[PDB]
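Remarks on the structure that follows.
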Amino acid sequence: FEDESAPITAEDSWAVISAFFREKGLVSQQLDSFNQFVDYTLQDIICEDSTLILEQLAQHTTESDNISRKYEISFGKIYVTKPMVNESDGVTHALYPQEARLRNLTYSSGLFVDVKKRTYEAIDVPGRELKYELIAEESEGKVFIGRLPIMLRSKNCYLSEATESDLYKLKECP
Amino acid sequence: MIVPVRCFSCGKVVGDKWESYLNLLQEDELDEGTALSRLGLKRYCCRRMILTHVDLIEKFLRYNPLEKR
Amino acid sequence: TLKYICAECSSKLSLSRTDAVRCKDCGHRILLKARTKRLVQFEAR
Ligand SMILES: [Zn+2]
Ligand SMILES: [Zn+2]
């Protein structure tokens, strides 16, 4: 007690267990796995490969049109938004779990990606190496590629930061 | 949910001893046994009725009414 | 006509068949039908 370094009894282990359950919770593995997936795994899946190259050879029967094209498309950063719902009239509004449960919707958030539309050309001189230079069509602009379902209380959910009073206001059981 | 009107076993009216019980626990700083004895609950059938009650009605009352006048 | 209550305003709204199912105060699309007027009998047992 008075000694800071006094040994602990078997009753204090329950204080340690209480601290563990305060920090972690009972379903921490589900939320932790989903947070890791959304925060890092989606970006890895998007960036790995996902570089479609299409080398359109000149196929020149005559020397007048001896130029080879090459169109390629890559994908940059991914943006995941908060859950929102598209309505019949086209108006999109924020969707809450105790609306998707009643209206048979899906609690999902849209995914967007920065497309990067590059392309090269080459002066098709036979014998000389096909040197592929830039045609200035180095184009690219997020595009909606789908919707990811969101688990509740995860980092990208409306209830992650909600307090007890806010949960009562949103008709959600604490 | 809310305090039962009567003891299941014998039938003693315990529905009017809930707020007094909470007051005794809070205002007078009595322990549960002395508070139960102060209210006149002598058989353990009644003591388990009052002692083990979980007053869930408050949680229900935290939500906003569906039909507000 | 027949009455309903908004889910998050508790506002009474009388609607016909041709009316779009929405709340006229907040635009909410969840509506609860009003309590019946006919008497209900319960056995206190
Ligand atoms: Zn009894
Ligand atoms: Zn409304």
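In each ligand, atom 1 is the first atom listed, and ligand 1 is the first ligand listed. For the numbers below, each heavy atom of this structure counts, side chains included, while hydrogens, waters and symmetry mates do not. First the proteins, then the strands, lettered A, B, ... as listed; each starts at 1.
A salt bridge between A/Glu121 and A/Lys131 is absent, with no side-chain N of the basic residue lying under 4.0 Å from a carboxylate O of the acidic one.
Rounded to 10°, the angle formed at the Zn ion (ligand 1) by SG of B/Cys10 and SG of B/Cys46 is 100°. The Zn ion (ligand 2) lies at the vertex of an angle of 120° between the SG atom of C/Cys23 and the SG atom of C/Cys9 (rounded to 10°).
Under the 30°/60° scheme for interplanar angles, the aromatic rings of A/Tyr158 and A/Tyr96 are found to lie parallel.
With a cut-off of 2.8 Å, the Zn ion (ligand 2) has no N, O or S atom of C/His28 in range.
Panel note: side chain A/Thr119, backbone A/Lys70; a donor-acceptor pair is recorded below 3.5 Å.
Residues B/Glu32 and B/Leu25 meet the side-chain proximity criterion, which asks for heavy atoms closer than 4.5 Å.
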